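Asker:
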Amino acid sequence: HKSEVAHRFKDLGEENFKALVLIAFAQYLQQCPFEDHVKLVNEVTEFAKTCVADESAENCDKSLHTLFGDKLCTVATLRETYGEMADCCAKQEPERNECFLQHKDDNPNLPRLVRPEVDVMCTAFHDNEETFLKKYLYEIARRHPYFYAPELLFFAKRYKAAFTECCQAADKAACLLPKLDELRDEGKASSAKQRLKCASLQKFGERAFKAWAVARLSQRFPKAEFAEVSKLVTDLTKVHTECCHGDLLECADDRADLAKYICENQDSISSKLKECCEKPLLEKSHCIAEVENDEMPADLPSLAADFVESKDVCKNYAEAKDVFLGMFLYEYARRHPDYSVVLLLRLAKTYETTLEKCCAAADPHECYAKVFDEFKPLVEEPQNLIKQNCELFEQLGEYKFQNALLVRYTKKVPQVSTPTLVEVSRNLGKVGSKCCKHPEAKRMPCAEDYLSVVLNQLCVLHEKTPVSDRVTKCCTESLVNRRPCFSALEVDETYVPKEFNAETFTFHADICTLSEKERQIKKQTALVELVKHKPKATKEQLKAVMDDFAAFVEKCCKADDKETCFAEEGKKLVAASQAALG
Ligand SMILES: CC(=O)C[C@@H](c1ccccc1)c1c(O)c2ccccc2oc1=O
Ligand SMILES: CCCCCCCCCCCCCC(=O)O
Ligand SMILES: CCCCCCCCCCCCCC(=O)O
Ligand SMILES: CCCCCCCCCCCCCC(=O)O
Ligand SMILES: CCCCCCCCCCCCCC(=O)O
Ligand SMILES: CCCCCCCCCCCCCC(=O)O
Ligand SMILES: CCCCCCCCCCCCCC(=O)O
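FYI, in our numbering the residues of the sequence shown are 289 to 870.
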């Protein structure tokens, strides 16, 4: 149509429009106060209503980039507050927008947002539901310039729902705090996954991305023809390149088109897309990205037909290596929604290496006749880790399971920071309590998903403050070897134990008054330090020292005079404990 703004306003709605415009400005003008953004939002919203009334009104024919760019350049404190960024306003539109992305600071030095008390939140919520949520939408959007805006809006609505419900509860906190903790983690995970997929697309390149996409979409849409999946992998690749670059508008349109495309060809892709394809513009793509795997045809041939036996596998492969490998992935993935994507990538990798070191042999058909026997050990490695770890988690509880990981990883990389080990082991523990509750068929995809963020974050923290070559080795390995690399780490025979420190192992009644979370972290911290001090201790030896500790705590956190107890019974525990640990 003639007016881009009018169009977006129409099929978006005033409410969503105002929220998005807000998120958009907060993502570029990250240093401006809330009240300034609110003002801009009103001016842009007013402008929009105008174009809705008269498609031909002034400026209404200008593109969103142009309009958005002009408003941005309106801010008078631009040069003083943003310096260099102000120089962007001197360029012709095509480059002006390009210039703004380059200055969108991915990580500003804003204060960590603190969670106020439930009572204060709920009261603010009730006094002014809108400015309360917009204020935070603003605080979140400015701290996360790259988070896809629409999704950030999607989260805002879940936050609103949690307040509406919880602030009306007998006991507010019991209802809200957890919903909020769940919202945060999920938000951080969605965030980490977007940065991950973008880093990946940057480091490893387009081929690795498409490979990942083929495998993932084939498990998701096992009934779609391979030509259809290829189509989608192509569009998804363009979509993410554009979304990673940070240009919100281009990004949103490509996603919109794709969502539209999928829905129109819905019956030719999956049966579980009805719901999603009904939903409103703003949610189609998000819904689709998260849709459940469709059901795979029960009448499916044996892979070995076209991939192992069939003479002339090389003829088809040499004719177009990637396509052939792609079909292999497609065929293999849609039959295995229970495999993790990386495992599927590992198989395809293995197969590629084999076709390369076989198609250039006397009797090819016999060189690669095995192949499928190559996969068995690749498939089993991840499955065994899942059963073995989920069983342990079943016996012990999340907490005790975290302590087990704690001991296990401190011994593998003692060089790592204690607080880093504690966090990593804790998040690793959550992955266990989250995924082990699923039936085997969904366990691996689940672990992969959560483990990818956890490992990524682990690596990032290590990128900054390097400590182990082995960690760096794993972290810089190919995406397909990342987790197997970490699983392959063994006890550090090198490590020289930190000599004893009286402080580190001293305790006061503070732990009696502290809440579970802080108490566990206090205990878990001591544990890492314990292992670092005597890394040659046994599950058995440590287990004894740990038990004598559980008691020691109880004994003192209950005794009339707690203070003394922790000092006298403290001297003892430590003295005795050292004796036992030689
Ligand atoms: C996040 C996902 O697992 C699904 C995702 C995707 C990303 C890269 C390669 C394959 C699959 C995904 C989307 O981003 C998406 C965007 C717009 C429309 C449909 C989409 O579907 C997806 O599956
Ligand atoms: C996600 C955008 C919607 C804005 C609503 C957020 C309101 C919750 C405020 C708490 C934020 C502090 C983060 C946390 O620790 O949970
Ligand atoms: C002046 C510019 C303000 C316009 C705001 C950008 C509009 C975003 C459209 C989002 C549509 C959802 C697309 C999707 O992800 O499926
Ligand atoms: C058109 C289909 C494109 C898919 C290409 C198949 C590539 C499979 C090889 C496995 C990739 C492992 C990732 C990597 O090491 O880069
Ligand atoms: C399952 C949670 C417990 C923590 C142990 C994780 C073990 C799962 C490893 C398998 C990861 C699948 C990804 C891959 O194929 O490398
Ligand atoms: C802080 C550095 C410690 C890093 C600990 C390594 C994390 C291991 C992740 C792999 C989980 C699968 C279980 C395993 O094979 O050990
Ligand atoms: C070298 C002697 C110092 C003694 C070390 C004791 C510290 C053990 C902390 C482990 C916490 C037990 C875990 C728990 O059940 O909460």
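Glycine is no exception: its CB is placed at the ideal position from the N, C-alpha and C atoms.
Using three-state DSSP, classify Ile557 as helix, strand or coil.
Answerer: Three-state DSSP puts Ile557 in coil, outside helix and strand.
Asker: Should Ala364 be listed as close to ligand 7, given that the test is whether its C-beta is under 6 Å from any heavy atom?
Answerer: No, Cβ of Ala364 sits at least 6 Å from all heavy atoms of ligand 7.
Asker: When every heavy atom of ligand 3 is checked, does at least one fall within less than 6 Å of the C-beta of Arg384?
Answerer: No.
Asker: With a threshold of 6 Å (Cβ to nearest heavy atom), would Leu570 be considered close to ligand 1?
Answerer: Answer for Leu570: no, Cβ out of range of ligand 1.
Asker: Rounding to the nearest angstrom, what Cα-Cα distance links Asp415 and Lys467 in this structure?
Answerer: Cα to Cα, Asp415 sits roughly 21 Å from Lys467.
Asker: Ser479 by DSSP, collapsed to three states: which one?
Answerer: The answer is helix: DSSP assigns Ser479 an H, G or I state.
Asker: Can you grab the Cα-Cα spacing for the pair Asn397 / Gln318, in whole Å?
Answerer: Answer to the nearest angstrom: the Cα atoms are 10 Å apart.
Asker: I need the DSSP call for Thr782, collapsed to helix, strand or coil.
Answerer: Residue state, collapsed to three classes: coil.
Asker: Might you give, ordered along the chain, the residues of its own chain that have their beta carbon closer than 8 Å to the beta carbon of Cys845, omitting 5 neighbours on each side?
Answerer: Contacts found: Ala797, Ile799 and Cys800.
Asker: Check whether the Cβ of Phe356 sits closer than 6 Å to any heavy atom of ligand 3, and report yes or no.
Answerer: Answer for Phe356: yes, Cβ within range of ligand 3.
Asker: Could you compute how far the alpha carbon of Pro785 sits from the alpha carbon of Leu680?
Answerer: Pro785 and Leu680: Cα-Cα distance of roughly 28 Å.
Asker: When you get a sec, list the residues whose CB is within less than 7 Å of any heavy atom of ligand 4, chain order please.
Answerer: That gives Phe492, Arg495, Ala496, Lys498, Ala499, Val502, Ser518, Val521, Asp610, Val611, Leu613, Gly614, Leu617, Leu633, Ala636, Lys637, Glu640, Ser766, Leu767 and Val768.
Asker: What did DSSP end up calling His289 once you bin it into helix, strand or coil?
Answerer: Coil.
Asker: Rounded to whole angstroms, how far is the Cβ of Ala501 from the Cβ of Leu524, which I believe are closer than 8 Å?
Answerer: Confirmed, Cβ separation roughly 5 Å.
Asker: Does the beta-carbon of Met409, which I'm using as the reference point, lie nearer than 6 Å to any heavy atom of ligand 7?
Answerer: The answer is no for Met409.
Asker: What separation, rounded to the nearest whole angstrom, lies between the Cα atoms of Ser478 and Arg367?
Answerer: Cα to Cα, the separation comes out at about 33 Å.
Asker: To which residues of the same chain is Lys843 closer than 7 Å at the C-beta, ignoring the five residues directly before and after it?
Answerer: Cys853 and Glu857, listed in sequence order.
Asker: Go through its chain and collect everything with a Cβ distance to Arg731's Cβ below 6 Å, but skip five positions before and after it.
Answerer: Excluding residues within five positions, the ones whose Cβ falls inside 6 Å are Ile674 and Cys723.
Asker: With a CB to CB cut of under 7 Å and the five nearest residues on each side skipped, what residues in its chain are close to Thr794?
Answerer: Cβ within range, chain order: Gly858.
Asker: Applying the 10 Å Cβ sphere with the 16-neighbour rule, what's the burial state of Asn691?
Answerer: So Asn691 ends up on the buried side.
Asker: Given the structure, does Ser865 come close to ligand 7, in the sense that its CB is under 6 Å from one of the ligand's heavy atoms?
Answerer: Yes - ligand 7 has a heavy atom lying nearer than 6 Å to the Cβ of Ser865.
Asker: With DSSP collapsed to three states, give me the class of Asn330.
Answerer: Looking at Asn330 - three-state DSSP - the assignment turns out to be helix.
Asker: Does the Cβ-Cβ distance between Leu815 and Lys700 come in under 7 Å?
Answerer: Not closer than 7 Å, so no.
Asker: Out of curiosity, what's the CA-to-CA distance linking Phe313 and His325?
Answerer: Approximately 7 Å, taken between the alpha carbons.
Asker: Taking three-plus beta-carbon pairs below 8 Å as touching, is the stretch 538-557 in contact with the stretch 649-656?
Answerer: Segments in contact, no.
Asker: Could you compute how far the alpha carbon of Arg384 sits from the alpha carbon of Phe356?
Answerer: In a straight line, the C-alpha of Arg384 is about 11 Å away from that of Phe356.
Asker: Does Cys531 come out as helix, strand or coil in the three-state DSSP assignment?
Answerer: Helix.
Asker: Using a Cβ-Cβ cutoff of less than 7 Å, which residues in the same chain neighbour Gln745 once the five nearest sequence positions on both sides are dropped?
Answerer: Closer than 7 Å at the Cβ level, and outside the excluded window around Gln745, lie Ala480.
Asker: Regarding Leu709 and ligand 6, is the C-beta to nearest heavy atom distance less than 6 Å?
Answerer: Yes.
Asker: Jot down the residue ranges of each uninterrupted beta strand (DSSP E) in the stretch 449-501, minimum 3 residues, whole runs only, in chain order.
Answerer: Segments of the beta strand (DSSP E) lying fully in the stretch 449-501: there are none.
Asker: With DSSP as the reference, label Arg403 as helix, strand or coil.
Answerer: It is coil, neither helix nor strand.
Asker: Please indicate yes or no: does the CB of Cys747 lie closer than 6 Å to some heavy atom of ligand 5?
Answerer: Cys747: no, Cβ never under 6 Å from ligand 5.
Asker: What residues in its chain sit with their C-beta under 8 Å from that of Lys460, if we drop five residues either side in the sequence?
Answerer: For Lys460, where only same-chain residues beyond five positions count, the Cβ hits under 8 Å are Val406, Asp407, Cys410 and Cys454.
Asker: Residue 873 and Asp394 look like a contact to me (Cβ under 8 Å); what is the Cβ gap, rounded to whole Å?
Answerer: The requested residue 873 is not part of the displayed model; the chain covers only 289 to 870.
Asker: Check whether the Cβ atoms of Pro733 and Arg622 lie closer than 7 Å to each other.
Answerer: Taking 7 Å as the Cβ cut-off, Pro733 and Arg622 do not qualify as a contacting pair.
Asker: For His353, collect the residues of the same chain with a Cβ closer than 7 Å to its Cβ; drop the 5 residues on either side in sequence, then sort them by chain order.
Answerer: Cβ neighbours of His353 beyond the five flanking positions: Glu381, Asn385 and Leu537.
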